[PDB]
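What follows is a structure written as structure tokens; I'll ask about it next.
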Amino acid sequence: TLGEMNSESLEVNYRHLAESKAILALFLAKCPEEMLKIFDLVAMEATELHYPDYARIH
Amino acid sequence: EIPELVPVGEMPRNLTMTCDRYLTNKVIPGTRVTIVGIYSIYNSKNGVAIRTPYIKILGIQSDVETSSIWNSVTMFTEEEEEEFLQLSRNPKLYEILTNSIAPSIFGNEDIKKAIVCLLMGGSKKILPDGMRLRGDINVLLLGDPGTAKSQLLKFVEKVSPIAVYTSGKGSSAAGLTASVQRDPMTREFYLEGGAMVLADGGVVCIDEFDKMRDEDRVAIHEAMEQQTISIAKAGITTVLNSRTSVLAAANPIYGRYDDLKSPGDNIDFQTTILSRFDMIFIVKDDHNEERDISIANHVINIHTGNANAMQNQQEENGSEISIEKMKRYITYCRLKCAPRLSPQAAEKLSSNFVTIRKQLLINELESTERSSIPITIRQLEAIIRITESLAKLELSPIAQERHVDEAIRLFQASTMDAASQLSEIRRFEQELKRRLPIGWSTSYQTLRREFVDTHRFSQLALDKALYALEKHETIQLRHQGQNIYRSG
Amino acid sequence: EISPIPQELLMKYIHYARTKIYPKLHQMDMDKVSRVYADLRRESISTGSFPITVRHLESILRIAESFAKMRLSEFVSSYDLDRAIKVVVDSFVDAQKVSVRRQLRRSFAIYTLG
Amino acid sequence: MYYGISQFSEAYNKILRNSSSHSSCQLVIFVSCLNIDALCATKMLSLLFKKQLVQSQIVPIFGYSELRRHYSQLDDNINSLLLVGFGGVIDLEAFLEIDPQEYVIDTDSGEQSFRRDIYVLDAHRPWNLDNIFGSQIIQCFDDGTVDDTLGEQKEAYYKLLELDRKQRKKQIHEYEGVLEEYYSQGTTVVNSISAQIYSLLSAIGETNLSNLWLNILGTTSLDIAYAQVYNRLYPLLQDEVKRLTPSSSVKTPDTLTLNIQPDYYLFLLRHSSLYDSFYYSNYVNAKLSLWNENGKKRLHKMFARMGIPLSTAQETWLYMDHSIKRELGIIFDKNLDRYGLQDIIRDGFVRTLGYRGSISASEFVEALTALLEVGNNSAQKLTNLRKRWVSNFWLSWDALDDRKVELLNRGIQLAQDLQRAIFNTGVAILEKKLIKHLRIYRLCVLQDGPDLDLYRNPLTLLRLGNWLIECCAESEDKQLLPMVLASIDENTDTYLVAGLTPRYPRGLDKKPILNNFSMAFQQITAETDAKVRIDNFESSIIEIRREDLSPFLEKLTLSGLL
Amino acid sequence: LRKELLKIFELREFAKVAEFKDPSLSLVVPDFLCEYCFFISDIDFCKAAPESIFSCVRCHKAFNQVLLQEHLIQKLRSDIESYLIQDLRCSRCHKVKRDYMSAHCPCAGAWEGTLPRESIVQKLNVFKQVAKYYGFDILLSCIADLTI
């Protein structure tokens, strides 16, 4: 549904990080800027695994 | 930005743009324009890294806007001019322009004719003694809700080349007329034009004219009549020209217009503002079953989409023309034809004016109070302007008598129809119901010699009560009005 | 036990019906509603009666379109016209004074019940 | 049989021997209007007769009664008649009351000659045996199916006519059974009129780039429902394009070029957006099922997968960024296999000249079809309406000229609007499920809908019919069934009924299916007292009254000839 | 019950053809009396049986057809005369024409006839139909000279 209307926002529930990999939620709560600087690359790779050549759109 | 394409719940964003060389002075404020250009960034003198955006204009296109700043100049192409001449040579262009206005509104044919007369307008004249006379007509649609008056206002704003649509509640004295604002950098006062400056040379439309404030209504009097706004505020005095044709819509003071109620109670307007208006169209709902079933079928055909098919077929038939062609024809007829009057037309016009003033005597005799809807010399000027607009439909430089009787018909349909809205009555009714029986007739001379020469009643009581028995439909008139017949 | 559909589903259902499903009146009757509007204009002749204008026919058309939108069906059926006419007639009868509610109920009973 | 292909040239010589006279006009070409193939065929014929100076009168005809009215008022001076796109099914002597005794001149010696020649240029493969065999006056331009298939019927008809107990019954009833087996057979097309006339031009030697382009348009116009014909005639067009192309270059205002390049199976690709081309295509909606909201979601998802933004995809093709449209073939090759759209890849003919842009054959024939369709007491209305589509046909003839590209752009805009209306009425049919299953045929009756006054036109109803056959053909769960498509006209108050043949999906690759509606229509018209119109050249197009519709469909579903 | 019965024809509840109209247009001659029993009755030529038209209702004595033809001529010319002498009323004011020759009313409505334009031609068409049915050759000749 990110790819459906060419959106660029991927919503992540923090409770999902609380249930699984709570160390990642702690690192996001303590140092948010560097964590999001890794997270956007991670989400872009996860998008390109499902939508190849999506970098031409966004 | 375009109001049809605004996002949900937000405000239209103003964006600063620039023109150079021959692209300058091409657009009047208020037009709708399509612009091609580069989206560049310039640094402004007014946080972090904020550089304000602008658009450098490379191209301007607008079908609604013509001739840049107005110079009464003929920029229409030659084959379009020949097509426009063919339209002016059409024997029934009047019905084409009538059907072009509001194709999805049933009825209101006289309103559509007055709208076409408003769009063409009269002719502005200049006298050697400085006497400036009005070349525009102002039309007020007063009536019940559900008569689609505001839809007519919206369609007039669409058809007219220069037009603005305003409110009665959302208006202000400095909003309709020109306002005095302050420049931020220089701290000097300057006049910024309002809604009647953006509609200069065109149409202003007012919705809910009954509700706009009493201090707000009366800043418009010189702008309707004198075609100018004289402002002396904050050390700035000037007389700006505002040649605006005014189209206002209103409801009565009571919730619906009541035929049982007196016309004075329904209208709390002053007589000045109805003297300034030219068509005072009072509209009602008579609840006729044929009219209700016809409007029901018409609005059903509009909602289902079959009216799209009927108007698309009738455009190719040739009895209707679209918004763009009628808009350019309005511009061409205002920029080409400004007619005078034949000497034989003046006799008919002056004779009809003294006839309707003599009828206003009869209208104001029995009520003993002044009528709220006056007929003055400005209404004679109104009928003059209607005649000149009827000549301006077909590019006729002479307003002949054929246009004159249609102008008289329009004025009788609007203003004379609006203005026409104890023991003697009951004693006459009893004496006449006992006098002539059911199914027999009596000549009017018999009633004149036995009910006026006897001085049983007055002649005015007879003339009123015969109409009173006519509208009750138990006693009617037959044989050219010379016989009174009891229907029973 | 208080509502058949959950509220969290219902709010998203209303939003999805508003922003995606646009019904249209194509295979409707469009003659019964004409007689309904004509009879409403005929019985709106009373002094204190609820006024009926062309906007109320258009109101019948939006109520039928909203009833078609509630089912997420892009076309309006005759059942939606019947329910819209039933709502508007019931509102007009409830607006009327109790001296004539029986007469007004029996006058429009052929349009709502059938 | 009377003209095989190798003697088409000879037939043209006979036309000259009856019509090459400067003083008088003697050649009248009856053209079936509302047909792209006949339009291109008559355009090539008119260019050929203009280059040799033959006087001509081109008359467009809609109905069979219109044909009889035009032939009845013809002068006796006319000796050459050309019937383009029709006249191959009916018996023209029994229809035009033709008797050879009052038309014969100088019979003396076994030689016969006539004062009028009537040539038939018809693509409908049911050929009347009297017309093709026993008629001297009616001369057929046969493709060559008479020499391969129609020999048994030839000998059956010849021993039927030659021989005017058990031996006589045993042979005559057998030959009549063979003849009645050839009759009551469905209608099909395997060759185009433009291909036959271009073969005539190859035999004469008047071929050039314009006649080749008109032949390409005439062949391409049959690709909707007769794709086997286009697949058969494609290599001849490829050979002719590579033959009459020049040696080579830089884009210059005078060099017309006509390339064999990838022209994808899309509706108006080069004159609309890519989103509107995929969205309004019959094949894309046929496979991905674009009529519901899930198909639109899948179309947006494959736009995400192809890497084309919806802002770029909705932009006009001419103004589109060419980082999308240059390697669009590579993107099509990589991405369309997962969504099943492999058959979008198709090589076609694209013509351009000067700097005014490129046009494909498919876009040009949809523009011409749109200009046929919506290009511009009841009997007067029918006469005025027939005059309206004749004016539409001549407007589309005006669009065939090179100097009138504004008519072509008007046809492009009309094709866009008409495809929007066709899409809206198609999803109107599909959403409310008006398609009814009658176990031998599928029934679709339009009672009311958006802009129903466009469906008094035949080809618009055929466009809706081909839309429905393409949409239902890819659904394998329902098998191949014939379709009845009826549309109501309120002012005329008639149901115009079209018979549509089903087809296999385009990805498969056999024997074409026939059109069995004309036989049932004729038999029901003969048996019942239905006031119906059979006069259309396509015999699956009839007009019934509203009140006689349901008995006609009950007699149709009772009859087993569907 | 009518709603359920109209479903089988595939018609709606309030269709244009579903509503009822009377299939007989009323042609009445006023006060035609027999000479035998003096029963003064109005004879309707469309809605009555042919047995009860040419004879008396009570006396059952046959009228001659000639005076029936004469009374239809009288009724036709009465309707035509009532068309030619006619007040003109406003489309809006519904006021009778007092000034006998003028363009329009002071209410600016058009002049229309008190009798409809189509009422007289439907009356004459029903006269032509009843003349073609009952074989009134004098009435057929009257229509023949009226059309010419």
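Residue numbering begins at 1 within each chain, and the chains themselves are lettered A, B, C, D and E in the order written.
Here, a residue touches a chain if its C-beta (ideal position, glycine included) is under 8 Å from a C-beta of that chain, and two chains touch if they have at least 3 such contacts.
For reference, the UniProt names are D = Cell division control protein 45.
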Any chain touching subunit A and subunit E at once appears in the list none
Count the C-beta contact pairs for B-E and for B-D, then tell me which is higher. B-E
Euclidean distance of C-alpha centroids - subunit D vs subunit E, Å: 56
As a quick test, compute the distance in whole Å between the mean CA positions of subunit A and subunit B. 61
As a quick test, compute the distance in whole Å between the mean CA positions of subunit C and subunit E. 43
Which subunit B residues sit where two or more other chains touch them? 305
Could you say which residues in subunit C touch two or more other chains, in rising order? 26, 34
Of all possible chain pairs, which ones touch? A-D, B-C, B-D, B-E, C-D, C-E
Contacting residues of subunit D [partner subunit C, same complex]: 293, 428, 431-432, 447-450
Listed in rising order, the residues of subunit B that touch subunit D in the complex are 305, 308-309, 313, 316
Once bound in the complex, which stretches of subunit A touch subunit D? 3-6, 51-54, 56-57
Subunit C-touching residues of subunit B, taken from the complex the two chains share: 144-146, 148, 256, 285, 287, 289, 292-293, 295-297, 299-300, 303-305
Quick check: in the complex, which residue numbers of subunit E touch subunit B? 87, 96-98, 100, 103-104, 106-108
